[PDB]
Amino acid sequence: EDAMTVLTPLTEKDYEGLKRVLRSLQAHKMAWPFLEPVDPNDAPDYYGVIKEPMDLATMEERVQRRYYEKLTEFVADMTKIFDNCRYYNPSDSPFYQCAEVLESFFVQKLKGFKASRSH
């Protein structure tokens, strides 16, 4: 990551862009596994093997409360969603596939956001 991403505080204008990025991911057809926390009734061992769970509803709460101070912190929570999924599930599962697709989409949107901060 470049210096602006790591070190520039998130302004109010930056926060309007983060809200838009988040809503775009929540509207994607392959985001269904990630919208809410993993349900322990459907995966009884999940919370014993994933030490730092993350999901898009937790990220929305954090955006609304202005939790993030730097773009790097927002990117780290999003990346945790996809990394947790690829560690828990096998490479041939539909869950793993959805992580591949949605991370590519996130990177496209993140590049757009970064371009809009500066010019």
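For every residue, the number given is its place in the sequence shown, counted from 1. In this text, the rigid core denotes the largest set of C-alpha atoms whose superposition between the two forms falls within 1.5 Å.
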item: Divergent stretch in 8 other deposited structures of this protein, 87-95 or 41-49 [C-alpha RMS, superposed by the core]; value: 41-49
item: Greater mean Cα temperature factor according to the PDB record, 98-106 or 10-18; value: 10-18
item: Residue range whose averaged C-alpha B-factor is higher in the record, 71-79 or 25-33; value: 25-33
item: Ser93 by Cα B-factor - lowest, middle or highest third of the modelled chain; value: highest
item: Chain thirds of CA B-factor: placement of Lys51; value: highest
